[PDB]
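Report on one structure; see the data block that follows.
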Amino acid sequence: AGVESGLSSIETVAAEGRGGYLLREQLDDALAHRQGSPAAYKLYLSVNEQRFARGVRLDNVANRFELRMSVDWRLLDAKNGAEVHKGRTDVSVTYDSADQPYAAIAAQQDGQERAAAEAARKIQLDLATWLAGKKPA
Ligand SMILES: [Cl-]
């Protein structure tokens with residue numbers, strides 16, 4: 001209850017990029033932070049955007065790609081900018097592309113969404129564990 005109230009007090013900040021945009025969108029959903037709401041924490045996301053835009057072709061299977069989302073992140077106190085928690089999250093997904101360009105792009109974008117969703121889930125669990133420490137006994 002207070003942990004869920006604490007999670008939605010976290011405002012996710014990302015610099016220009018598809019990865020940070022997708023991860024921020026996923027975290028705003030997972031954290032339940034409503035835009036315009038008061039923020040107790042600022043979560044800064046540093047996605048390796050070049051690595052995230054690159055789907056790497058795999059051997060053995062035709063049009064199979066591996067996509068990697070690497071994120072360094074800092075949790076700050078929204079009032080004084082002190083770093084109160086940090087982390088590193090590395091997520092990998094595969095997508096099975098197609099000879100057709102529309103389908104090939106759809107597969108890649110779905111892979112990117114799935115990477116961002118799993119990265120969001122890993123960070124949300126890490127932050128919920130941190131905010132759970134905050135709950136009295
Ligand atoms: Cl993590």
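FYI, it's all coordinate maths here, none of it is from the lab. Cβ: placed from backbone, ideal geometry, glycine included. Neighbour counts: every protein chain shown.
Tell me, please, whether a residue that is outside any strand (DSSP E or B), at positive phi and surrounded by fewer than 16 Cβ atoms within 10 Å (Cβ to Cβ) can be found in region 39-60.
yes
Would a scan of region 21-37 turn up a residue that is more than 16 Å from the ligand (Cβ to nearest atom) and in a strand (DSSP E or B)?
no
Considering only region 125-137, state which residues are surrounded by 13 or more Cβ atoms within 10 Å (Cβ to Cβ), more than 10 Å from the ligand (Cβ to nearest atom) and either part of a loop (DSSP other than H, G, I, E, B) or among the aliphatic types (A, V, I, L, M) (or both).
Across region 125-137, the qualifying residues are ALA128, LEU131.
Counting only residues that are among the small types (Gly, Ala, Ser) and more than 13 Å from the ligand (Cβ to nearest atom), which one in region 110-124 is surrounded by the fewest Cβ atoms within 10 Å (Cβ to Cβ)?
Per the criteria, the residue is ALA117.
Checking the condition within 16 Å of the ligand (Cβ to nearest atom), aliphatic (A, V, I, L, M) and out of contact with any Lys or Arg (no Cβ under 6 Å at 6 or more places or on another chain), which residue from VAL91, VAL56 passes?
Result: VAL91 is the single residue among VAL91, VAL56 that is within 16 Å of the ligand (Cβ to nearest atom), aliphatic (A, V, I, L, M) and out of contact with any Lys or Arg (no Cβ under 6 Å at 6 or more places or on another chain).
Applying the selection to region 69-82, what residues are touching a strand residue (DSSP E or B) at 6+ places or on another chain (Cβ under 9 Å) and away from the ligand (no atom under 16 Å from the Cβ)?
Result: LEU76, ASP77, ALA78, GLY81, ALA82.
Condition first: of a type in the set (A, V, I, L, M), assigned to a loop (DSSP other than H, G, I, E, B) and out of contact with any helix residue (DSSP H, G or I) (no Cβ under 9 Å at 6 or more places or on another chain). Now tell me which residues in region 67-107 satisfy that.
Of everything in region 67-107, those that are of a type in the set (A, V, I, L, M), assigned to a loop (DSSP other than H, G, I, E, B) and out of contact with any helix residue (DSSP H, G or I) (no Cβ under 9 Å at 6 or more places or on another chain) turn out to be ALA78, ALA82.
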